[PDB]
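In structure tokens, the next block holds one chain alone, the form deposited in one PDB entry.
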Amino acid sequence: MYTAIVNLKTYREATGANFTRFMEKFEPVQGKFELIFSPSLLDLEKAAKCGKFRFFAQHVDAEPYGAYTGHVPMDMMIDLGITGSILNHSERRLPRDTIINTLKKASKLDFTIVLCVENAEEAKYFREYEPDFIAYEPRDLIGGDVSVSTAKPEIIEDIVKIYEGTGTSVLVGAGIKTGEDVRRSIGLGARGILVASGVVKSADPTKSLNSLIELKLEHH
């Protein structure tokens, strides 16, 4: 299957009392894409216990249970029923040694990391630590005048080439505005997408997500 991740960030439409109302707009889909939502840290327990989809955290800490005021430990997430997290997003960047420590612990506990990077040097640097997914958010794909269907193909091809023959899947996390951008990304070697305001701030979130993941399949 391909993978689509919808990041709720801290948007007013999809956090706090609005989390439940927002999620009622969607129904679990059986199909070629697995759908994963990323709720805010303050909503994560409610999503784990009572939500209808697979959920990943927005950020996770490597520290164990103990004297860690203001942390969100991986071992606590596992006990709530959460099986993965986004890490190093452009809005939540981390020191390199912190990222290495977290990737090493996740490998040991079979917890899934979606590691965000901004360029090919970062992508190569972290290769040997084996992230489950890489989410690519390069500056060349960010702008109102630009998208994957319009940009040079080398942007995505270079990162896919770095991870050729590893167990790591590549997702595209900038320049996704339509279904044509999604289908072109897969043609270039990506295995899915990471999206946010294009779904969350839509006048019809359900229809906006369906347009991105529609494949026009025949059934028997």
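Each residue number is its position in the shown sequence, starting from 1. C-alpha atoms forming the largest set that superposes within 1.5 Å between two forms make up the rigid core. Only residues modelled in both forms are compared.
Omitted from view is the form deposited with a small molecule bound, to which the following refers.
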Please tell me which of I142, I78, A120, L94 lies within 4.5 Å of the small molecule in the entry with it bound, judged by heavy atoms. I142
Contact stretch among 43-51, 174-182, 22-30, 158-166 - heavy atom within 4.5 Å of the small molecule in the entry with it bound: 174-182
4.5 angstroms heavy atom contact with the small molecule in the entry with it bound for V60: no
Residue-level question: is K105 within 4.5 Å of the small molecule in the entry with it bound, judged on heavy atoms? no
So in the entry with it bound, does any heavy atom of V195 sit within 4.5 Å of the small molecule? yes
Moved residue between the shown form and the other one - picked from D140, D132, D75, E118, where its Cα shifts 2 angstroms or more relative to the rigid core: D140
Take the rigid core as the frame of reference and indicate whether the C-alpha of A151 shifts by 2 Å or more between the shown form and the other one. yes
Given that the CA-CA distance for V200 and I142 shifts by 3 Å or more in the entry with it bound, does it become closer or farther? closer
What changes in the entry with it bound is the Cα distance between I159 and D140, by 3 Å or more; the two atoms are farther
Return the sequence-ordered list of stretches, each of 3 or more consecutive shared residues, in which all C-alpha shifts are 2 angstroms or more between the shown form and the other one following rigid core superposition. 138-153
